[PDB]
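One chain comes next, on its own, written as structure tokens: the form solved without this ligand.
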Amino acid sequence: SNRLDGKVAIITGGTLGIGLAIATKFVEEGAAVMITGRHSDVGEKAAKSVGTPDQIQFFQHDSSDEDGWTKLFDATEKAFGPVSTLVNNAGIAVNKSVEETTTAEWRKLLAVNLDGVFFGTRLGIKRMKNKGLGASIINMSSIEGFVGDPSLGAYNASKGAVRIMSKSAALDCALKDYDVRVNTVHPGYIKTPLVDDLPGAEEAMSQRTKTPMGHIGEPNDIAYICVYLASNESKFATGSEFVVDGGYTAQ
């Protein structure tokens, strides 16, 4: 289909789940991809599973590591040429209400879910602007960027932050004619091995009072909207929020 002909993408947290599905579909559509993750055993196997080194490689990185972002961009460009596309997908969760969140939990979650997305967005603008690449920054979020969950307080803070920060970046890039778009993607519940590892989680998420479709999604649901946003098909979309949630936020 070649919908991402010539694109060079970084996908943070690309070795598992949603990130891995995005990476897989990006390679299928002609993009060269650098996936990141915390563990080199998982990451090297993930890249080889998707394609050859001319298509996809792994780079070990914690998205909260500001200095490592520079090496990540350098390694990606050395492998594949100038980066056109950044998917800020790496994220973690803390299962606590605001009331029950420790300051250590707060700082750990914000380091990945907010600081890391800031570091990637800021550096991506600088490295991606003014190169005629049709550059696109896709900031992964979730339904928790729109609605509260009583037991995801810090997570809610991080997703609301990325939702509105992304609009600021989108506007600055558009007003300055940078040729960089910035958008957010908001999955509802998505089946991954990690959800499968939590007894009863999918069953609770599939209740009609949570997901009206009565089931949860799959990683390719998020990969397909990310192909659209990375592609030049979405060249007029910037500062927007794309929800794929089985009806969660419609009620």
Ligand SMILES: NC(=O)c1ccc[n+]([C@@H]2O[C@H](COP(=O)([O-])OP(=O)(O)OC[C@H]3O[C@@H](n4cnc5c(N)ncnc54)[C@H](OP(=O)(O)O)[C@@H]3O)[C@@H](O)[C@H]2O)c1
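So that there is no doubt, residue numbering starts at 1 and follows the sequence shown.
Taking the recorded C-alpha temperature factors, which stretch has the higher mean, 160 to 168 or 102 to 110?
Per the deposited B-factors, the answer is 102 to 110.
Per the entry, where is the mean C-alpha temperature factor higher: 76 to 84 or 169 to 177?
Of 169 to 177 and 76 to 84, the stretch with the higher C-alpha B-factor average is 76 to 84.
Among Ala46, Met213, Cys226, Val182, single out the one with the highest C-alpha B factor in the record, please.
Highest CA B-factor of the listed options: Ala46.
Name the third of the chain's ranked CA B-factors that contains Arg122, choosing lowest, middle or highest.
Tercile = lowest for this residue's CA B-factor.
Is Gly145 in the lowest, middle or highest third of its chain when residues are ranked by C-alpha B-factor?
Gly145: CA B-factor falls in the lowest third of its chain.
Quick check for you: using the entry's CA B-factors within this chain, is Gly217 in the lowest, middle or highest third?
Middle third by C-alpha B-factor.
Among the modelled residues of this chain, does the Cα B factor of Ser136 put it in the lowest, middle or highest third?
Lowest third - that is where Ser136 ends up once the chain's C-alpha B-factors are sorted.
Lowest, middle or highest third - CA B-factor, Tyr189:
According to the entry, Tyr189 has a C-alpha B-factor in the chain's lowest third.
As for the form solved in complex with this ligand, it is not shown, yet the points below apply to it.
Is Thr36 near this ligand? Define near as a heavy atom within 4.5 Å, in the deposited complex.
It does: once this ligand is placed as it appears in the deposited complex, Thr36 has a heavy atom within 4.5 Å of it.
Exercise: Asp197 in contact with this ligand in the deposited complex, heavy atom 4.5 Å:
Heavy-atom contact with this ligand at 4.5 Å: present for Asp197.
Answer yes if any heavy atom of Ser63 is within 4.5 Å of a heavy atom of this ligand in the deposited complex; otherwise answer no.
Judged by the heavy-atom cut-off of 4.5 Å, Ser63 is in contact with this ligand in the deposited complex.
4.5 Å heavy atom contact, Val243 to this ligand in the deposited complex:
It does not: once this ligand is placed as it appears in the deposited complex, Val243 has no heavy atom within 4.5 Å of it.
Which residue, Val98, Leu110, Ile92, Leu171, has a heavy atom that falls within 4.5 Å of this ligand in the deposited complex?
By the 4.5 Å criterion, the partner-contacting residue is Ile92.
Between 1 to 26 and this ligand in the deposited complex, list the residues on our side with a heavy atom within 4.5 Å.
Those in contact are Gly13, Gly14, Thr15, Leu16.
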